[PDB]
Amino acid sequence: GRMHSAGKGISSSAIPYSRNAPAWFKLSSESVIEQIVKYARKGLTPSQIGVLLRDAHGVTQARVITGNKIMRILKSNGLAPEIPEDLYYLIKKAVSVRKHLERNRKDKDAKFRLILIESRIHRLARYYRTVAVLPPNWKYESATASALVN
Amino acid sequence: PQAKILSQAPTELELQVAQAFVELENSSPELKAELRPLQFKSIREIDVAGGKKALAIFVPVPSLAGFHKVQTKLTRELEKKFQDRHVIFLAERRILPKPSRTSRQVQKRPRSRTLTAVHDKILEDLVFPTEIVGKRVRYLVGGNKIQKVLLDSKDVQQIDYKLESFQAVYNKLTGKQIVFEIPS
Amino acid sequence: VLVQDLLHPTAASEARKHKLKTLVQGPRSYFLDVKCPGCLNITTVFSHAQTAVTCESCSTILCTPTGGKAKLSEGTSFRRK
Amino acid sequence: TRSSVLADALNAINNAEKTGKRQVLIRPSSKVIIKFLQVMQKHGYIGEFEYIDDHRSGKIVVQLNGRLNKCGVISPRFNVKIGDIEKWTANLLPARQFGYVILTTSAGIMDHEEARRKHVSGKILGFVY
Amino acid sequence: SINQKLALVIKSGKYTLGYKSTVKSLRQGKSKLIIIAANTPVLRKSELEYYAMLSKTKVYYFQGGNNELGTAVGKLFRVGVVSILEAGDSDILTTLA
RNA sequence: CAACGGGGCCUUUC
Ligand SMILES: [Mg+2]
Ligand SMILES: [Mg+2]
């Protein structure tokens with residue numbers, strides 16, 4: 001593993017075998033969807049929404065409670081972000097690295113990391129353009145990357 | 001009665017079930033808003049090796065969560081209305097055959113309509129009150145397969161006495177051998 | 001060895017094993033009902049909570065995120081769901 | 001990355017058999033793995049195998065009876081004709097009397113004997129003896 | 001952070017960009033907050049602060065210049081000052097100072 | 001009569 005590293009870490013979530021809501025869960029799926037929409041309106045990405053749901057409420061998985069994934073619920077409710085969340089965060093990190101590199105310009109480690117991050121961005125954007133999540137002409141340009149993350 | 005609950009062409013066996021539904025709703029004003037929408041279609045009777053018989057009541061799948069949330073109470077009453085019977089509620093799920101290479105194209109055959117998915121849901125409906133906590137498939141040396149369903153030890157005291165009835169019903173419906181086990 | 005029940009391991013061995021390396025993988029985390037100093041709800045809190053969960057009807061901190069399992073503010077009654 | 005789960009499963013079976021284990025765990029237990037194991041079990045090179053159903057691709061526990069010398073995949077799955085089945089068996093099997101070259105054909109996964117007595121061919125999948 | 005709150009305001013609430021519209025909003029009293037770029041000329045900054053003192057409007061001093069403020073509000077042009085008319089569903093007006 | 005291979009019908013399916 002570790003596409004851009006030599007690490008072999010296996011840490012991840014081990015989601016349960018049970019595909020149904022837990023017996024102690026007594027909130028409604030409609031209430032969970034309403035809270036999801038409220039969080040999205042407050043400006044939270046699907047991963048943050050799921051984190052807050054699982055921490056502050058009893059919703060273990062919005063898929064096993066509402067029957068749908070969080071990004072799917074957001075898209076059905078008309079709150080889908082312009083670009084996918086992981087790609088957005090990759091471009092945000094690339095913007096941060098490029099800003100630090102403009103300021104420093106001696107950070108060859110940062111130059112190498114920027115190359116890695118932009119390669120990851122380009123691979124993700126190729127996948128999204130293939131599955132038509134992004135327009136076929138969508139392009140990551142460094143000079144307008146910040147303008148596309150805001 | 002035989003018009004609001006039947007949902008199909010009349011069968012003599014559905015008469016008792018419709019009457020035992022309408023009288024239980026008459027005799028319960030605190031439960032007079034649940035059984036009203038709860039209709040069903042043809043019930044199937046399945047033999048059991050223990051001399052008993054099982055009543056599989058089919059609801060295709062509207063308001064099956066309602067049948068579930070009110071099922072732990074009226075199952076026992078439908079058992080009491082006439083004995084030597086194990087009552088189980090199943091969703092009536094369509095199976096679309098897997099398209100052939102040269103077959104005419106139809107629209108995408110949802111994954112819920114596959115034979116495997118409907119059989120897994122059949123198992124869930126069979127053991128509704130208890131969650132299935134595992135599945136195994138023994139591939140015997142002879143060549144046949146036996147599917148083992150591991151059930152949750154919680155609330156198993158409502159289905160544990162009809163495990164053989166479950167096996168007979170599943171064998172009748174699918175034709176595959178099933179065996180239940182409670183992991184302790 | 002050379003002969004053992006891989007299909008029926010002992011519960012001690014399975015609890016000893018890594019959460020992904022069990023016969024069927026599953027989480028070792030859980031949920032807790034934490035009683036607020038107030039009322040109207042017992043808040044459900046993830047064991048390894050990443051958020052410093054606050055009371056629904058109050059403003060106190062129930063848990064603090066850590067590397068693994070979250071802390072519980074040292075004043076709390078909790079039951080393991 | 002994992003490219004042939006069948007290769008991984010057959011390698012695990014071979015390692016367990018040659019180390020003397022009477023059982024082996026293989027993951028992620030695909031349909032091709034199951035059919036290959038069924039052919040092997042039909043011809044008596046393995047005993048009972050159980051499919052553990054996690055909601056992932058699944059696992060299999062195989063019981064080995066000590067009758068297996070070597071099972072292996074042929075990668076790539078070469079297209080084999082009726083006349084090439086003989087060459088493949090000559091190259092892979094230790095004798096003309098026993099052992100099986102397993103093919104995947106449109107009539108299903110089967111040994112070369114079943115393939116030639118059904119007069120079908122396909123792609124070579126592996127071997128067992 | 002402040003840029004995230006500002007992005008939320010641009011996405012959901014009401015705002016104006018620029019000195020003239022900001023001063024107009026201040027004088028009509030429909031401004032709840034004005035964000036002034038770090039590189040704003042000091043005379044203009046003082047005039048905006050005086051208008052805010054007269055209108056009882058909050059002032060936030062953006063650490064970046066007009067380029068960075070325009071980027072933070074999501075535009076391709078320099079913005080020297082931003083006026084928040086309605087916060088929308090955004091916590092910018094209450095989680096300050 | 002045993003094995004080996006073929007075809008058609010239901011079994012929620014042509
Ligand atoms: Mg790895
Ligand atoms: Mg690489």
Side-chain angles (χ1 to χ4, degrees), chain B residues 6-11 13-14 17 39-49 53-64 67 88-128 137 141-147 165-178, chain D residues 31 35 38-44 80-83 85-86 89 96-122 128:
Chain B
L6 194 57
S7 280
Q8 202 173 92
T11 307
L13 214 176
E14 278 75 335
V17 205
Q39 48 205 89
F40 58 63
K41 37 199 92 183
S42 172
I43 295 191
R44 298 209 29 230
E45 184 90 298
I46 313 301
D47 320 71
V48 165
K53 266 134 145 43
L55 298 159
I57 319 176
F58 288 75
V59 274
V61 57
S63 68
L64 180 84
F67 254 110
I88 35 205
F89 296 79
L90 310 168
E92 184 123 47
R93 303 179 213 261
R94 302 283 192 83
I95 298 186
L96 310 172
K98 154 177 183 107
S100 157
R101 305 279 185 101
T102 48
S103 72
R104 321 141 191 281
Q105 273 273 292
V106 201
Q107 42 167 188
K108 193 45 154 66
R109 195 211 172 198
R111 218 56 85 82
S112 37
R113 269 57 152 185
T114 65
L115 181 129
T116 302
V118 298
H119 283 182
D120 301 336
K121 292 316 253 282
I122 278 173
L123 260 170
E124 312 262 320
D125 303 3
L126 222 69
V127 282
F128 150 67
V137 181
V141 167
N144 59 325
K145 321 132 54 196
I146 303 177
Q147 187 174 356
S165 100
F166 294 163
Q167 296 185 24
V169 167
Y170 197 91
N171 204 282
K172 193 88 226 193
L173 289 200
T174 88
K176 307 196 267 192
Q177 294 164 351
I178 197 92
Chain D
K31 266 184 323 170
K35 291 247 156 243
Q38 279 185 321
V39 174
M40 295 187 31
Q41 176 185 70
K42 184 134 217 103
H43 286 295
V80 181
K81 325 254 196 188
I82 291 268
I85 297 181
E86 211 35 36
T89 37
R96 302 183 39 93
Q97 298 96 8
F98 69 95
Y100 297 101
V101 160
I102 299 195
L103 324 166
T104 172
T105 87
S106 60
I109 287 171
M110 55 184 100
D111 39 303
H112 75 272
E113 295 266 65
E114 182 167 346
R116 64 169 56 290
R117 88 185 156 239
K118 293 196 190 191
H119 202 56
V120 298
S121 201
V128 70

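Quick note on labels: first sequence line is chain A, next is B, and so on, each numbered from 1. Just so it is clear, the values below take in all heavy atoms, side chains as well, and ignore hydrogens, waters and symmetry mates.
Taking a heavy-atom distance under 4.0 Å as the criterion, the stretch of RNA chain F touched by chain B extends 5' to 3' from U12(F) to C14(F).
Atoms CG and CD1, on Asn171(B) and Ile46(B) in that order, are 10.0 Å from each other to the nearest 0.5 Å.
In this structure, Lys145(B) places its NZ atom where only 12 or fewer heavy-atom neighbours from other residues, nucleotides or ligands lie under 6.0 Å away. The number of heavy atoms from other shown groups lying within 6.0 Å of NZ (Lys176(B)) is above 12.
Using a 4.0 Å cut-off between a side-chain N of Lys or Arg and a carboxylate O of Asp or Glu, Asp120(B) and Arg93(B) do not qualify as a salt bridge. Salt-bridge annotation for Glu86(D) and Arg116(D): present, with a side-chain N of the basic residue lying under 4.0 Å from a carboxylate O of the acidic one. The existence of a salt bridge linking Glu114(D) and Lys118(D) is confirmed by a sub-4.0 Å separation between a basic side-chain nitrogen and an acidic carboxylate oxygen.
Against RNA chain F, the stretch residues 101-121 of chain D makes heavy-atom approaches under 4.0 Å through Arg117(D), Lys118(D).
Judged by distance alone, the side chain of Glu113(D) and the main-chain N or O of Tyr100(D) form no donor-acceptor pair under 3.5 Å. Distance alone, capped at 3.5 Å, is enough to place a donor-acceptor pair between the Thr105(D) side chain and the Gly108(D) backbone.
When heavy atoms are screened at a 4.0 angstrom cut-off, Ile122(B) is found touching base atoms of the nucleic acid.
Comparing the P positions of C9(F) and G5(F) gives a spacing of 23 Å, expressed to the nearest Å. Comparing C10(F) with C14(F), their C1' atoms are spaced 10 Å from each other, to the whole Å. Rounded to the nearest Å, the gap between the P atom of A3(F) and that of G8(F) is 23 Å.
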